[PDB]
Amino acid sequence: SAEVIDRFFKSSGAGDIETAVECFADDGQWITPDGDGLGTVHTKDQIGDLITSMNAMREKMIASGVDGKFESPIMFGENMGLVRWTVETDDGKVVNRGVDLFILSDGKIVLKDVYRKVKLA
């Protein structure tokens, strides 16, 4: 149903850390888009701290005039959802875009694998 993706975004975005963490399978992973070129793997016991830190910085970004915008998930496998996102200014200038790949099993997130397009130089 992909309802767990909506649950994850609603809770994480509102700072309801505990609900957001519980959207993940006990063996699930959230892999960040950076991590020295390899991505940083966070297991379920590390995801609460990641959400807290990311929300703190989203707050700073918003105050700086930039925020993220997420599209509704495009479902492929019934078990796979692609959430496209942008970072953009108030007047809609897109400065970064990327994707969240969600792999689901049994109503829980087994993988959230995040990628961004790269700014070089």
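So that there is no doubt, residue numbering starts at 1 and follows the sequence shown.
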On mean C-alpha B-factor from the PDB entry, just flag whether 74-82 or 31-39 is the higher one. 74-82
With B-factors read from the PDB entry, the higher C-alpha mean of 54-62 and 92-100 is in 54-62
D16: which third of its chain by C-alpha temperature factor? middle
Third of the chain's Cα B-factor distribution that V114 belongs to, per the entry: lowest
